[PDB]
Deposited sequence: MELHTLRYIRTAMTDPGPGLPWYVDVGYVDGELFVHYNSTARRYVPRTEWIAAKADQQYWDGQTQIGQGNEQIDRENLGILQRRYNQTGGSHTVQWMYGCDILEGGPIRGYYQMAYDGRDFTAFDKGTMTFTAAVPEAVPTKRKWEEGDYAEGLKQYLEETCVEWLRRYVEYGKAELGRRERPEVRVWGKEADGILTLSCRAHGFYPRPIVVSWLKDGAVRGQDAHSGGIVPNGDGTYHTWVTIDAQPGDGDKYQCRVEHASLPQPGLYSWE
């Protein structure tokens, strides 16, 4: 079954760090970064080859204008929320995430969620067409918005978001569905009478992977770094197991991945 996702995330900061934009908005299709806007560049730009090739000029200019308009509203929001919380200076951050999921071409999720200072602020409930106030300072926002706007947002999440996701999926189909096999190394180092065995998988796509240590052929005291990105749109993971010196040969790393018809099996040599 064919599952695809469109997710936009946005941040407004009083304190991005030296030489960094206070305002950043990026989009992802199936977890792949494909567009980016920020307050320094003041333009939407491609982050994949496929969006770069297949979107027209009106796409880039249209969204740039929306992006510039949003920035101004978002600058104000941060200002408002600080004044509202009676705060002078310091470090404050507004965050938003929204988008839609399709399954066999049909919509299954539509969402819109906001945070202030790392915690939930509001979320849109598409069924009831209301906003939830997860904090008291979200009450004036819930009111201001519900006495339109909610009909507009519902339409965006069920119609606009879904038709564009279908379009993106068609534009990027080859790239989004690609596979790249992991390059795996087993590394052992002995210290304090413990043999630590490492299985490290490099350069896999897509993101999900399962890497297990087997002792005498049974799944095992492991520790995992989880899945972390490389710079090039592939992923990385490592898993360790503690063993007794001399028992190296009873251990075998198993890697299960969409790129591999049969699990990879790797040993310490």
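Going by the record, the unmodelled stretches of the deposited sequence, in order, are 149, 222-223.
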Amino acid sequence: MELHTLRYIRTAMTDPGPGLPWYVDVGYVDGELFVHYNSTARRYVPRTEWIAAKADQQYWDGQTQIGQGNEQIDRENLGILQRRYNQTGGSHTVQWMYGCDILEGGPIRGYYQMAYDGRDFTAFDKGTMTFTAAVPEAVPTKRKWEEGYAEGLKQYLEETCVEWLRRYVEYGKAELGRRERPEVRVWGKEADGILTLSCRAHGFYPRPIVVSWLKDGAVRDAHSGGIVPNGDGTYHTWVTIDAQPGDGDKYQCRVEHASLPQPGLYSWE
From here on, numbers count along this sequence of modelled residues.
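The PDB entry records a higher mean C-alpha B factor for 49-57 than for its counterpart among 49-57 and 23-31. Of the two segments, 171-179 and 114-122, the one listed with the higher mean B-factor is 114-122 (C-alpha atoms only). If you compare the C-alpha temperature factors of 185, 109, 83, 166 in the entry, 83 comes out highest.
Per the PDB entry, 244 shows the highest C-alpha temperature factor of the residues 224, 64, 39, 244. Annotation for residue 196: CA B-factor lies in the highest third of the chain's modelled residues. Ranked by Cα temperature factor within the chain, residue 214 sits in the highest third according to the deposited record. Compared with the other modelled residues of the chain, the Cα B-factor recorded for residue 220 ranks in the highest third. In this PDB entry, the Cα temperature factor of residue 149 sits in the top third of its chain's modelled residues, the highest group. Residue 97: CA B factor in the lowest third of modelled residues in this chain (values from the PDB entry).
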